[PDB]
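Peer 1: To start, I am sharing the structure in question, which I have written as C-alpha cells.
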Amino acid sequence: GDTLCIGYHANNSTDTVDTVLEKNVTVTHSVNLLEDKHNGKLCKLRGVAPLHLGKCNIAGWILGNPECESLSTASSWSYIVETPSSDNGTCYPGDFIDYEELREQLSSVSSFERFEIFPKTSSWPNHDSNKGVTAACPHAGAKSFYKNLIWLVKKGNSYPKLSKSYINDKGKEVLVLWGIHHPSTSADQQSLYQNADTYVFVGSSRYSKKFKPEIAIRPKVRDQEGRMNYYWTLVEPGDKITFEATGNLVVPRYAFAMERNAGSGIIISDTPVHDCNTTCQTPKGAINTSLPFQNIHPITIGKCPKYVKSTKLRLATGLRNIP
Amino acid sequence: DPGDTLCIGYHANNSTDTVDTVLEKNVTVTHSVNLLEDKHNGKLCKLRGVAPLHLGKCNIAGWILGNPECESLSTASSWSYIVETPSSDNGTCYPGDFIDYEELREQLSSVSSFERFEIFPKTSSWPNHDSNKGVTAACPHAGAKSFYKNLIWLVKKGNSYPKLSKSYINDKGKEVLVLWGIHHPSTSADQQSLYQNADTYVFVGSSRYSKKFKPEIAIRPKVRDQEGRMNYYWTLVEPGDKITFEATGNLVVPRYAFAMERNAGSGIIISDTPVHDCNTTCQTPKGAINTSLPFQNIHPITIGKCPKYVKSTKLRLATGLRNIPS
Amino acid sequence: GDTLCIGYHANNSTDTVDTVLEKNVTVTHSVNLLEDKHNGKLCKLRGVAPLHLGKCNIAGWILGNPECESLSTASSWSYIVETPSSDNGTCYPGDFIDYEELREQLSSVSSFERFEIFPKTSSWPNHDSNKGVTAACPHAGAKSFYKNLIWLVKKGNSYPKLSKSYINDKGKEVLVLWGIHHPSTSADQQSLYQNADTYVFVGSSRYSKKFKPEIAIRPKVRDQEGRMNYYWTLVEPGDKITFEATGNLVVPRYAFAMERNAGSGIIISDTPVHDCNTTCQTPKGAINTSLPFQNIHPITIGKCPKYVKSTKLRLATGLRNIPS
Amino acid sequence: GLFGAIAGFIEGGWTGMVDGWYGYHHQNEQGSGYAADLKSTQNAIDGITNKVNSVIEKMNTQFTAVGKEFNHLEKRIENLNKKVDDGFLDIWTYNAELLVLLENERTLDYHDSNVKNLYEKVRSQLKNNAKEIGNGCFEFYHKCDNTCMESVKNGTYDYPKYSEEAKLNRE
Amino acid sequence: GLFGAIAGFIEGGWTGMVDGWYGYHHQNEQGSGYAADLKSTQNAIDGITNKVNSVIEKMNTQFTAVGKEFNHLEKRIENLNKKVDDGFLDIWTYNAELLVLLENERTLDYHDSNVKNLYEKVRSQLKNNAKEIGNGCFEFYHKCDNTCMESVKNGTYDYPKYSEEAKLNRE
Amino acid sequence: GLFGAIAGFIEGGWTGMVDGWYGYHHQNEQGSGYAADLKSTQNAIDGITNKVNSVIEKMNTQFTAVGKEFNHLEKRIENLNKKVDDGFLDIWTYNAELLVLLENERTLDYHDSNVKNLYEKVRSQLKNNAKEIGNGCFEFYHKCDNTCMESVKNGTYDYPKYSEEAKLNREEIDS
Ligand SMILES: *[C@@H]1O[C@H](CO)[C@@H](O[C@@H]2O[C@H](CO)[C@@H](O[C@@H]3O[C@H](CO)[C@@H](O)[C@H](O[C@H]4O[C@H](CO)[C@@H](O)[C@H](O)[C@@H]4O)[C@@H]3O)[C@H](O)[C@H]2NC(C)=O)[C@H](O)[C@H]1NC(C)=O
Ligand SMILES: *[C@@H]1O[C@H](CO)[C@@H](O[C@@H]2O[C@H](CO)[C@@H](O)[C@H](O)[C@H]2NC(C)=O)[C@H](O[C@H]2O[C@@H](C)[C@@H](O)[C@@H](O)[C@@H]2O)[C@H]1NC(C)=O
Ligand SMILES: *[C@@H]1O[C@H](CO)[C@@H](O)[C@H](O)[C@H]1NC(C)=O
Ligand SMILES: *[C@@H]1O[C@H](CO)[C@@H](O)[C@H](O)[C@H]1NC(C)=O
Ligand SMILES: *[C@@H]1O[C@H](CO)[C@@H](O)[C@H](O)[C@H]1NC(C)=O
Ligand SMILES: *[C@@H]1O[C@H](CO)[C@@H](O)[C@H](O)[C@H]1NC(C)=O
Ligand SMILES: *[C@@H]1O[C@H](CO)[C@@H](O)[C@H](O)[C@H]1NC(C)=O
Ligand SMILES: *[C@@H]1O[C@H](CO)[C@@H](O)[C@H](O)[C@H]1NC(C)=O
Ligand SMILES: *[C@@H]1O[C@H](CO)[C@@H](O)[C@H](O)[C@H]1NC(C)=O
Ligand SMILES: *[C@@H]1O[C@H](CO)[C@@H](O)[C@H](O)[C@H]1NC(C)=O
C-alpha cells in the first residue's frame with residue numbers, strides 16, 4: 001500500500017559532543033562554547049594603544065633611565081607592556097618604595113604629561129646640578145643619570161639647606177618622584193654634600209616623611225657600594241609639595257601631570273604590539289569572541305571570557321547523527 | 001446517539017505572569033514566584049537586635065579621638081555596625097597621619113561592650129606638666145581654641161618639661177583601647193615654646209607594643225592653619241597587661257581609654273540613609289532587606305545573613321503551567 | 001491465559017536520596033558524593049613527612065630556642081606542624097619582623113641544611129661570645145640563649161667596631177637571621193657594649209638596613225625590661241651579606257641553606273603524625289578520596305575535594321525501590 | 001512541549017476549571033461540568049512546592065560583612081577585593097539566570113507529563129468502551145452516568161459492566 | 001533514548017532529507033520522496049537557538065584586569081590572589097563542563113521528543129485507516145494521494161472520508 | 001513519575017528479579033520466571049556509570065594550601081581571606097546540593113523512561129495477540145511457550161504465526 005514514514009535528518013558530520021550518559025556522541029550539528037584562538041598580537045584596548053617599554057621596565061621608564069630615552073610615551077595608554085628581558089630599571093642600586101603600587105597606579109592613564117617641575121637652570125642657585133652623574137647609569141659609555149631627577153651635589157665647599165616647593169596648578173594629579181642617596185662612606189658623604197650629618201624632608205598636605213642617610217659599605221652592585229632609594233607621591237590638584245634637605249637628596253626635575261583611569265594592568269610578554277583593536281587582551285595574544293569561556297590565558301585584561309581548564313566545550317544543537 | 005463524553009484538560013486563568021525558559025522567552029504561566037529580592041525598606045536597621053553606632057558628621061577618627069564636634073554624639077555600650085555619612089568629615093582637626101586607621105575602623109566595627117574611662121585623670125596625673133594650654137585653633141569648640149576630648153596635649157609648665165613617665169595596668173578584665181598622639185612642630189621655635197627641650201623623644205611600651213618616637217621638625221604646607229603635624233597611634237592592651245609612656249616632649253597623652261570586647265565580623269556603612277527602630281538580618285547602605293529569597297539586586301555591599309547579589313533584573317520561577325485560555 | 005509482564009528491580013536497600021520534587025526517596029542503588037571521614041592522622045604529603053615542631057613554634061625553632069634543641073629536623077618537609085599549645089618561641093621578648101612571611105616561606109622546603117655561618121670559635125676575636133646568656137632563655141635551669149645566634153658582648157671594657165662578611169657558597173638560598181638588642185637602660189647598654197651610641201648595619205646586594213638601639217624600660221616580659229628584635233633575609237647564591245656593628249648585635253652563628261618548594265602551609269593541631277601517605281591533609285586527619293566534595297575541614301593542604309556545609313550528598317544511581 | 005499534551009494534543013487550557021491544575025470535563029444525560037483531579041493536582045503542588053523550597057532553602061549563608069576599606073597605598077589589595085566581589089557576582093548571576101531558565105523548562109515539561117499521564121490513565125481504563133475523538137476527549141459507546149464518570153476519575157471504571165452495551169453501539 | 005523514537009523505534013536518520021531536522025518520506029502512485037516538516041523543524045531551530053544564545057549571553061562580564069604584582073615580602077597575599085584565581089578556575093571549569101554534559105543530554109532528549117510527537121500526531125489521525133508497520137512508517141489501507149498525504153502532515157486528515165475504503169482492504 | 005511507568009501503571013518492583021534493573025516475568029504451562037532485559041539494563045548501567053564518573057571526574061583541583069596566617073594588624077586582609085573561603089563555601093555547597101537534587105530527579109526519570117520504552121516495545125510486537133491487562137502485564141490470546149516468550153524478549157515475536165489462534169480466542173472471549 002501507499003506509505004508515510006516519520007524520520008529525522010542525518011548527515012556526514014563527524015562532530016562529537018559529550019553528554020552525561022554517553023561520551024563522544026556524533027551529532028548532526030553543534031557549536032563550540034570555548035574560545036581557544038587568539039591573534040598572537042598585543043592590541044589596542046578600548047581603541048587605545050598600550051604603552052610599550054621595550055628593554056626598559058616601569059622604574060627605568062618613569063625615572064628616565066638613559067636607555068629609556070628613545071622610548072616614545074603617548075599622553076594616554078590602555079595598559080603597559082614590559083618584556084621578560086626588560087631589565088633597564090634603577091641603574092643606581094637601592095630600593096624603589098611602594099613600586100608595585102606605582103605600577104598598578106600607572107597601568108592605565110587617560111592623560112599623562114611630563115613637565116619640568118623644578119627647572120635645572122633656575123631652581124638650584126646654591127647647589128651644583130651638573131656633577132650628578134655616575135658610571136652606574138652610563139649613556140653612550142659616558143657617565144650619566146636618570147633624566148627625571150637631578151642628583152644635587154655641594155657647590156664649592158657648601159651644601160646649604162635647600163627648601164623648594166611646588167604647587168599643583170595642573171588641574172589634575174601630579175606624580176613626583178625623587179631619590180635619597182646613601183653613601184658608602186663618611187668620605188663620600190663629605191665629597192658629595194660637605195655636611196656629615198644630613199636629612200631630607202618631603203611634605204605635602206597628605207605626605208610627610210623625614211629621611212636619614214645610612215652610610216655603610218654594601219656589597220657592590222653595578223660598581224656601587226652606596227645605595228639610592230626611590231620615592232614617589234601623587235600631588236592632588238591645588239596641593240603643595242615641599243622638599244627640604246641638607247644633603248643626599250636627588251631632586252625631581254621632571255614630574256607628570258596625569259589622570260588615571262579605571263582598572264587595567266601590566267602585561268609582561270615578547271608578543272609584538274600591532275595596530276589592531278580588541279576587547280580582551282592576554283599576554284600571548286588578543287581574543288575576539290562572544291563565547292563565555294576561554295582556555296588561552298588566566299591573566300587577561302578587558303571584557304573577557306572566563307578562563308577554564310577545558311580543552312573542549314562542544315554544545316549539541318542538532319541530533320544524534322545516524323546515517 | 002452522540003455519546004456521553006469525558007475530556008482531560010488543564011487549568012488556565014487570568015494570570016499575565018511571564019517567565020523565561022531555556023527554549024522560549026516570555027512564556028505566560030498560570031502561577032509563578034519571584035526568586036529575586038528587589039525590595040528594601042530604605043532604613044538602616046538594628047542588626048541582631050542591636051542598633052548601629054551612627055557618627056553623624058564625624059568619622060571614626062573624630063569620634064574615637066574626641067573631636068569637639070563629636071562630643072554631642074551618644075555612644076552606646078554596644079553596637080552591631082557603624083554608620084558614617086558621605087559628608088562626615090569631622091575627624092583629625094589637627095592634621096597628621098592616623099596610623100593603621102583602616103585596621104582600627106575594622107576593629108571598632110562591632111562591639112559587644114564598650115566603656116570609656118579616664119585612664120589618666122586630668123586633674124591628678126600631671127603635676128609636673130601643663131595640662132590646660134594644649135588647645136589649638138585647628139580644633140575649635142564654641143569658637144574657642146580647644147582639643148580632642150580623649151587626649152591631653154601636655155605642654156611645658158613654666159619653662160620646664162621634665163621627663164615624663166606614666167603607666168597603666170589593665171585591671172578591666174577586657175581589652176583596653178588606648179590612643180595617643182605625637183606632635184611634630186613646624187619649627188625649632190615652636191618646639192621650644194611648647195616643650196622647652198630641643199631634642200626629645202617619646203616612648204610607648206606594653207608587653208606587646210614598643211616604639212620610640214622622634215619628632216620630625218619641619219614646615220609642612222598649612223592645613224587647618226597648621227604647619228606642624230600630629231600623628232595618632234593606638235594599641236589594645238590585654239587584660240592584666242601594662243602600657244607605659246615616657247616622654248621629654250611632644251606627647252599627646254591619653255586622657256580617656258576604652259574597655260571593650262570586640263564582636264566578630266561586621267563593617268561600616270557610609271550612607272545618608274536614616275537610622276530607624278526596625279530589626280533586620282540583612283543591611284545594605286541604601287536600606288535593610290527582609291527576605292528568605294536566595295538572590296538580591298539591591299546592593300553588593302551588605303552586612304548580615306544576606307541573599308547573594310546578582311546583576312539580574314528578573315528571576316521568576318514558574319510554578320504553574322503554560323497559561324492558554326480560550 | 002499465558003502472561004508476560006514488564007517490570008523493574010527491587011531490593012533490600014534503605015538508602016534515601018533527595019530529589020527536587022521529593023525528599024527521602026528510597027532507591028535501589030546510590031553513591032555518596034560527600035567525603036565525610038578522615039584517618040585521624042597527620043600524613044606525608046607528596047610522600048614527604050611534615051616537620052613537626054612539638055612544643056616549639058617556628059620562631060623558637062628557627063632561632064634555636066633552647067627548649068627546641070631536642071627536635072629532629074629533616075632536610076626536607078611537605079608542610080609544618082605546630083600544636084595549639086606550642087609557644088616556646090622568642091624567649092627573649094621583642095618583635096619578629098615579617099614573621100608570618102617567614103613562616104609561609106619555610107612551610108615547605110625541598111632542601112634544608114643548617115651550617116655554622118660564623119663559627120663561634122674563630123669569628124669574634126675582639127668580642128665576648130660567652131657572656132651573652134639570659135634567665136629569659138633557660139636551658140636546664142641555667143641561663144642560656146638561642147642556639148643559632150650569639151649575643152656578642154664587650155671583651156673586658158671594649159667593644160670595637162665589628163665587621164664580618166659571608167659569601168653564599170651553598171649553591172642555594174641562605175636564610176640568615178640576626179637580632180638587634182634594645183637595652184632597658186643606659187647602664188645596661190654600657191654594661192653590655194661599653195659604647196653608649198651604637199648602630200648595627202646589615203647589607204647584601206638586595207638587602208640594606210641600619211638599626212639604632214632604642215633604650216627604654218618596657219613592661220617586664222619574662223623578667224626583661226629590654227627587647228630583642230629578630231630580622232631575617234635570604235642571601236642569593238654567590239651574594240655577600242655583611243654585618244657591621246658597634247654594639248647591640250645578636251650575630252648569626254648558624255644559618256640555613258635551603259631550597260623552597262612552591263607553597264604549603266602550617267597545620268596547628270594536636271593530631272598525631274603517622275607514617276602514611278596522603279594527597280589531601282586537613283588539620284584533624286588526612287582524607288583519601290576521589291570524591292569531589294568533603295565536609296571535614298575548609299582548611300586543607302594538597303589536591304583536595306571542595307569543602308561544603310552539606311551533611312549528605314547522595315547521588316541516585318538505581319531506581320525508586322518499591323518491594324512487594 | 002516535551003510530552004505533547006499541553007499546547008499539543010490538548011490544544012488549550014480551561015479557565016472554567018478553577019479548583020486545580022489538571023482534571024476533567026464530563027458531559028452526560030444528567031449534566032456537565034469541570035472537576036479538577038485533586039490527587040494529581042495535589043501531587044504536583046507538593047512536588048513544585050518542594051522544588052521552590054529546595055531552590056530557596058539550599059542557600060544558607062553565614063553572617064558576613066562584604067565591605068572592605070583600603071587606603072591610597074593599598075590599591076592592589078583593593079583591586080583584589082574587587083576581583084573577589086566581581087567574581088562572585090559573575091558566578092551567582094550566571095548560575096541564577098541559567099538555573100531559572102532551565103528549571104522553568106523542567107517545570108513546564110512536568111505539568112505536560114502530568115496531563116499526558118492523566119489522559120493515558122483514562123485511555124487505559126476505558127479501552128474500546130470509548131472512542132478517542134482528539135483534543136483530550138473520549139466519547140463513550142455506552143451511557144456513562146455520574147457514578148460511571150466518578151469511577152473513571154478514581155481509577156475504578158468497571159469495563160466488563162459496560163462492554164456489552166458499548167460493543168453493540170460500536171458495531 | 002528518553003522518548004523512544006530517535007535510535008529507538010526509528011532506528012536511523014535520513015541523509016536524503018536535507019532541508020530540515022524532522023520530516024516525512026511518502027510513496028504513493030503519483031510519486032515518492034523526502035520532505036522536512038518545516039514547522040516542527042523551525043520550532044526546534046528557534047528553541048535551540050534561544051538555548052545557545054542563553055548559555056552565551058547570560059555571561060556578561062565587566063572590564064577587569066586579572067593580574068596582580070607582589071614583592072618578595074608579600075608572599076601571603078600573592079598566595080591569597082592565587083587562591084582566588086584558582087578557586088574561580090575550579091568553579092567555572094566544573095560548571096561549564098557539567099553545563100555542557102547536562103544540556104547536551106537535554107538537547108538530544110528534545111529532538112527525540114519532537115520526533116516522537118510528530119509520529120504520534122500522525123498515528124492519532126490515521127487510526128486504523130493505516131497500519132503501523134514499525135520503524136516509524138504507516139502503510140495506508142487506502143489510496144493516499146498527495147492531497148491526502150498533505151492533509152496528514154497538516155493535521156487535518158479526514159478519517160471518515162477513507163474509512164470505508166480502508167475497512168474494505170483491512171477486511 | 002515523568003514517563004508514567006515506575007510507581008505509575010507498573011505499581012511495584014520485583015525483589016525476585018535479581019539479575020538486572022529492567023525485565024520480564026512470564027508465566028506459561030512450562031512454569032514461571034523472572035528475567036532481566038540485559039540490553040536495556042546494560043545501556044542504563046553504562047549511562048549511569050558515565051554520569052557518576054562525569055560528576056566526580058570533572059572536578060580536577062590543583063595542589064593548594066587553603067590556610068593563611070595574618071598578624072593582629074592585618075585584620076582586613078584576614079577578613080578578605082575569610083570572605084574568599086566563605087564565598088567558595090556558599091558556591092560549592094549550593095551548587096552541590098542542587099546538582100544532586102536535580103540530577104537525582106533526572107536519574108529516576110531515566111529509569112522510568114527505560115521501563116516505559118521496554119513496555120512499548122513489547123506492546124508494539126504483540127499488538128492484537130495479547131491483552132494489556134494493566135500493571136505492566138500482557139495476557140496472551142494464544143498459547144505462548146518458552147520459545148514464544150523468548151521471542152518476545154529478543155524482539156523477534158512472530159505476530160502472523162499466532163494471529164489466527166489469537167483471533168479466535170479473542171473473538172470467542174468477547175462472545
Ligand atoms: C571519547 O573520546 C575521548 C577523546 O579522545 C576519549 O578520551 C581519550 O581516551 C584515550 C584512551 O585511549 C586517551 O589516550 C591516552 O591518554 C593518556 C594521557 O596522556 C596517554 O598517556 C595514553 O598514551 C598511552 O596509552 C596508549 C593507550 O594504551 C598507548 O597505546 C600509548 O603507547 C601510551 O602508552 C593515551 O594516549 C586520551 O587522552 C583521551 N582523550 C582526551 C582528550 O583526554 C574517550 O576514551 C572516548 N570514550 C569513548 C567511550 O569512546
Ligand atoms: C482573576 O479573576 C478574578 C475574578 O474576577 C479576580 O478576582 C477578583 O478581584 C476583584 C477586584 O478587582 C474582586 O472584587 C473580586 O471579588 C475577585 N473575585 C474573586 C473570585 O476572588 C482576580 O483579580 C484579583 O483577585 C482579587 C482576589 C484581588 O486580590 C485583586 O487584587 C486581584 O487582581 C483576577 N486575577 C488577575 C491577575 O487579574
Ligand atoms: C561532508 O560533505 C561535504 C559536502 O561538500 C564535504 O565538503 C565534507 O568534506 C564532508 N565532511 C566530512 C566530515 O567528510
Ligand atoms: C641596560 O641593560 C643592560 C643589559 O640589559 C645593562 O648592561 C646596562 O648597563 C643597562 N643600562 C642602564 C642605564 O641601566
Ligand atoms: C580600531 O582600529 C582600527 C584599525 O585597527 C581603526 O581603524 C579604528 O580607528 C579603531 N577604532 C577606534 C574606535 O579607535
Ligand atoms: C527588635 O527586636 C528586639 C529584640 O531583640 C525587640 O525588643 C524590639 O522591640 C524589636 N523592634 C522591632 C521594631 O521589631
Ligand atoms: C567640622 O566639619 C566642618 C565642615 O567640614 C568644618 O568646617 C569644621 O572645622 C569641623 N570642625 C572640627 C572641630 O573638625
Ligand atoms: C541486601 O542485599 C544484598 C544483595 O543484593 C546483600 O548482599 C546485602 O548484604 C543485603 N543487606 C543486608 C543488610 O542484609
Ligand atoms: C609513601 O610514598 C612514597 C613515594 O611517594 C614511598 O616511598 C613510601 O614508601 C610510601 N609510604 C607509605 C607508608 O605508603
Ligand atoms: C617554654 O615553655 C613554657 C611555654 O611558654 C614557658 O613557661 C617557658 O618559659 C618557655 N621556655 C623557653 C626557653 O622558651
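Chain lettering (A, B, ...) mirrors the order of the C-alpha cells, residue numbering begins at 1 for each chain separately, and ligand numbering begins at 1 in order of display.
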Which chain A residues are at most 8 Å from chain F (counting only C-alpha atoms), as a compact mmCIF listing (two decimals) with C-alpha atoms, in the first residue's frame?
Peer 2:
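Generated output (part.txt):
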# COMPACT_ATOMS: atom_id res chain seq x y z
CA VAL A 20 26.03 12.99 30.86
CA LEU A 21 25.11 9.42 29.83
CA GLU A 22 27.45 8.96 26.93
CA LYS A 23 30.79 10.32 25.77
Peer 1: Taking only C-alpha atoms and all ligand atoms into account, which residues are within 10 Å of ligand 4, as number ranges by chain?
Peer 2: A: 55-57, 60, 64-68, 85-93, 134-141, 143-146, 222
Peer 1: Could you pull out the strand (DSSP E) residues of chain F, going by DSSP on the backbone, and write them as a PyMOL selection string?
Peer 2: chain F and resi 22-28+31-36+64-65+130-132+137-140
Peer 1: Go ahead and write the residues just picked, N, CA, C and O atoms, as a PDB file, in the first residue's frame.
Peer 2:
ATOM      1  N   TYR F  22      15.804  -3.813  34.701  1.00  0.00           N
ATOM      2  CA  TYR F  22      14.540  -3.885  33.984  1.00  0.00           C
ATOM      3  C   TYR F  22      14.392  -5.272  33.408  1.00  0.00           C
ATOM      4  O   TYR F  22      15.381  -5.882  32.998  1.00  0.00           O
ATOM      5  N   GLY F  23      13.161  -5.769  33.334  1.00  0.00           N
ATOM      6  CA  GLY F  23      12.970  -7.025  32.653  1.00  0.00           C
ATOM      7  C   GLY F  23      11.572  -7.571  32.642  1.00  0.00           C
ATOM      8  O   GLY F  23      10.590  -6.824  32.632  1.00  0.00           O
ATOM      9  N   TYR F  24      11.498  -8.895  32.672  1.00  0.00           N
ATOM     10  CA  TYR F  24      10.272  -9.599  32.376  1.00  0.00           C
ATOM     11  C   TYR F  24       9.934 -10.663  33.409  1.00  0.00           C
ATOM     12  O   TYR F  24      10.817 -11.310  33.989  1.00  0.00           O
ATOM     13  N   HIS F  25       8.636 -10.841  33.623  1.00  0.00           N
ATOM     14  CA  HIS F  25       8.133 -12.021  34.292  1.00  0.00           C
ATOM     15  C   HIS F  25       7.138 -12.714  33.367  1.00  0.00           C
ATOM     16  O   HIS F  25       6.170 -12.109  32.901  1.00  0.00           O
ATOM     17  N   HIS F  26       7.384 -13.980  33.082  1.00  0.00           N
ATOM     18  CA  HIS F  26       6.472 -14.724  32.241  1.00  0.00           C
ATOM     19  C   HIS F  26       5.844 -15.802  33.084  1.00  0.00           C
ATOM     20  O   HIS F  26       6.306 -16.110  34.187  1.00  0.00           O
ATOM     21  N   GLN F  27       4.782 -16.372  32.540  1.00  0.00           N
ATOM     22  CA  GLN F  27       4.098 -17.479  33.155  1.00  0.00           C
ATOM     23  C   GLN F  27       3.356 -18.219  32.051  1.00  0.00           C
ATOM     24  O   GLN F  27       2.489 -17.661  31.379  1.00  0.00           O
ATOM     25  N   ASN F  28       3.738 -19.467  31.839  1.00  0.00           N
ATOM     26  CA  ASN F  28       3.045 -20.315  30.886  1.00  0.00           C
ATOM     27  C   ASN F  28       2.910 -21.699  31.505  1.00  0.00           C
ATOM     28  O   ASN F  28       3.116 -21.853  32.712  1.00  0.00           O
ATOM     29  N   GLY F  31       5.910 -23.229  33.267  1.00  0.00           N
ATOM     30  CA  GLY F  31       6.313 -22.578  34.501  1.00  0.00           C
ATOM     31  C   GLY F  31       6.348 -21.060  34.440  1.00  0.00           C
ATOM     32  O   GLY F  31       5.814 -20.422  33.524  1.00  0.00           O
ATOM     33  N   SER F  32       6.982 -20.465  35.437  1.00  0.00           N
ATOM     34  CA  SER F  32       7.033 -19.024  35.505  1.00  0.00           C
ATOM     35  C   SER F  32       8.444 -18.617  35.911  1.00  0.00           C
ATOM     36  O   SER F  32       9.184 -19.426  36.459  1.00  0.00           O
ATOM     37  N   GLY F  33       8.828 -17.381  35.618  1.00  0.00           N
ATOM     38  CA  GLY F  33      10.178 -16.947  35.917  1.00  0.00           C
ATOM     39  C   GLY F  33      10.397 -15.471  35.670  1.00  0.00           C
ATOM     40  O   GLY F  33       9.670 -14.831  34.903  1.00  0.00           O
ATOM     41  N   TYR F  34      11.403 -14.928  36.337  1.00  0.00           N
ATOM     42  CA  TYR F  34      11.839 -13.570  36.083  1.00  0.00           C
ATOM     43  C   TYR F  34      13.060 -13.632  35.187  1.00  0.00           C
ATOM     44  O   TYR F  34      13.796 -14.619  35.199  1.00  0.00           O
ATOM     45  N   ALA F  35      13.282 -12.582  34.412  1.00  0.00           N
ATOM     46  CA  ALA F  35      14.475 -12.494  33.584  1.00  0.00           C
ATOM     47  C   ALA F  35      14.682 -11.043  33.218  1.00  0.00           C
ATOM     48  O   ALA F  35      13.777 -10.397  32.681  1.00  0.00           O
ATOM     49  N   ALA F  36      15.866 -10.525  33.526  1.00  0.00           N
ATOM     50  CA  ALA F  36      16.186  -9.141  33.221  1.00  0.00           C
ATOM     51  C   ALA F  36      16.356  -8.972  31.719  1.00  0.00           C
ATOM     52  O   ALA F  36      16.815  -9.877  31.033  1.00  0.00           O
ATOM     53  N   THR F  64      46.963  22.923  46.631  1.00  0.00           N
ATOM     54  CA  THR F  64      46.713  24.220  47.257  1.00  0.00           C
ATOM     55  C   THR F  64      46.775  24.097  48.772  1.00  0.00           C
ATOM     56  O   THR F  64      46.447  23.064  49.341  1.00  0.00           O
ATOM     57  N   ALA F  65      47.248  25.146  49.422  1.00  0.00           N
ATOM     58  CA  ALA F  65      47.183  25.241  50.868  1.00  0.00           C
ATOM     59  C   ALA F  65      46.222  26.370  51.182  1.00  0.00           C
ATOM     60  O   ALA F  65      46.543  27.544  50.955  1.00  0.00           O
ATOM     61  N   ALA F 130      -2.435 -10.217  22.215  1.00  0.00           N
ATOM     62  CA  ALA F 130      -2.376 -10.234  23.657  1.00  0.00           C
ATOM     63  C   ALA F 130      -3.205  -9.092  24.168  1.00  0.00           C
ATOM     64  O   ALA F 130      -3.398  -8.098  23.482  1.00  0.00           O
ATOM     65  N   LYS F 131      -3.684  -9.250  25.387  1.00  0.00           N
ATOM     66  CA  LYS F 131      -4.496  -8.260  26.053  1.00  0.00           C
ATOM     67  C   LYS F 131      -3.638  -7.521  27.082  1.00  0.00           C
ATOM     68  O   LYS F 131      -3.008  -8.158  27.934  1.00  0.00           O
ATOM     69  N   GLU F 132      -3.597  -6.192  26.992  1.00  0.00           N
ATOM     70  CA  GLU F 132      -2.969  -5.350  28.023  1.00  0.00           C
ATOM     71  C   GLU F 132      -3.850  -5.350  29.247  1.00  0.00           C
ATOM     72  O   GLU F 132      -4.921  -4.753  29.235  1.00  0.00           O
ATOM     73  N   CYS F 137       1.387  -5.917  32.556  1.00  0.00           N
ATOM     74  CA  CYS F 137       1.257  -7.296  32.071  1.00  0.00           C
ATOM     75  C   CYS F 137       0.504  -7.428  30.758  1.00  0.00           C
ATOM     76  O   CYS F 137      -0.417  -6.660  30.473  1.00  0.00           O
ATOM     77  N   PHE F 138       0.913  -8.414  29.970  1.00  0.00           N
ATOM     78  CA  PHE F 138       0.191  -8.825  28.775  1.00  0.00           C
ATOM     79  C   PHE F 138      -0.288 -10.261  28.923  1.00  0.00           C
ATOM     80  O   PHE F 138       0.503 -11.161  29.220  1.00  0.00           O
ATOM     81  N   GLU F 139      -1.587 -10.464  28.717  1.00  0.00           N
ATOM     82  CA  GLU F 139      -2.179 -11.785  28.735  1.00  0.00           C
ATOM     83  C   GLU F 139      -2.434 -12.210  27.294  1.00  0.00           C
ATOM     84  O   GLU F 139      -3.154 -11.540  26.550  1.00  0.00           O
ATOM     85  N   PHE F 140      -1.808 -13.308  26.894  1.00  0.00           N
ATOM     86  CA  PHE F 140      -1.867 -13.741  25.513  1.00  0.00           C
ATOM     87  C   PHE F 140      -3.230 -14.347  25.200  1.00  0.00           C
ATOM     88  O   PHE F 140      -3.840 -15.008  26.042  1.00  0.00           O
TER      89      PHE F 140
END
Peer 1: Smallest atom-to-atom distance to chain C: which of B:174, B:40, B:48, B:208, using only C-alpha atoms?
Peer 2: B:208
Peer 1: Hey, which residues come within 9 Å of ligand 1 if we count only C-alpha atoms and all ligand atoms? Could you give them as a PyMOL selection string?
Peer 2: (chain A and resi 16-18+22-25+311-312) or (chain F and resi 50)
Peer 1: Store the residues of this selection in a file with N, CA, C and O atoms, as an mmCIF file, in the first residue's frame.
Peer 2:
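So selection-v4.cif came out as:
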data_model
loop_
_atom_site.group_PDB
_atom_site.id
_atom_site.type_symbol
_atom_site.label_atom_id
_atom_site.label_comp_id
_atom_site.auth_asym_id
_atom_site.auth_seq_id
_atom_site.Cartn_x
_atom_site.Cartn_y
_atom_site.Cartn_z
ATOM 1 N N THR A 16 31.557 15.506 17.394
ATOM 2 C CA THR A 16 31.082 14.775 18.557
ATOM 3 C C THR A 16 30.902 15.715 19.740
ATOM 4 O O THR A 16 31.551 16.763 19.825
ATOM 5 N N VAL A 17 30.004 15.337 20.640
ATOM 6 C CA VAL A 17 29.832 16.045 21.888
ATOM 7 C C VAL A 17 29.775 15.000 22.975
ATOM 8 O O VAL A 17 29.523 13.820 22.704
ATOM 9 N N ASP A 18 30.001 15.426 24.207
ATOM 10 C CA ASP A 18 29.797 14.541 25.333
ATOM 11 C C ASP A 18 28.427 14.854 25.941
ATOM 12 O O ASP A 18 27.967 15.997 25.906
ATOM 13 N N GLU A 22 26.659 9.552 27.982
ATOM 14 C CA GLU A 22 27.453 8.961 26.929
ATOM 15 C C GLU A 22 28.478 9.937 26.388
ATOM 16 O O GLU A 22 28.132 11.047 25.970
ATOM 17 N N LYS A 23 29.736 9.514 26.374
ATOM 18 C CA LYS A 23 30.793 10.324 25.766
ATOM 19 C C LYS A 23 30.855 10.123 24.259
ATOM 20 O O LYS A 23 30.467 9.072 23.750
ATOM 21 N N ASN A 24 31.324 11.149 23.557
ATOM 22 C CA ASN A 24 31.559 11.097 22.118
ATOM 23 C C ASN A 24 30.350 10.688 21.299
ATOM 24 O O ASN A 24 30.398 9.726 20.526
ATOM 25 N N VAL A 25 29.257 11.411 21.472
ATOM 26 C CA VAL A 25 28.098 11.185 20.638
ATOM 27 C C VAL A 25 28.255 12.011 19.368
ATOM 28 O O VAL A 25 28.498 13.221 19.429
ATOM 29 N N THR A 311 39.562 21.689 27.546
ATOM 30 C CA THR A 311 40.120 21.573 26.208
ATOM 31 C C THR A 311 38.994 21.548 25.166
ATOM 32 O O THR A 311 39.222 21.822 23.989
ATOM 33 N N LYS A 312 37.777 21.235 25.600
ATOM 34 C CA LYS A 312 36.659 21.074 24.669
ATOM 35 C C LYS A 312 35.297 21.350 25.318
ATOM 36 O O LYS A 312 34.930 20.703 26.302
ATOM 37 N N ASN F 50 28.611 6.417 33.491
ATOM 38 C CA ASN F 50 29.189 7.592 32.850
ATOM 39 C C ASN F 50 28.761 8.894 33.539
ATOM 40 O O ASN F 50 29.511 9.875 33.587
#
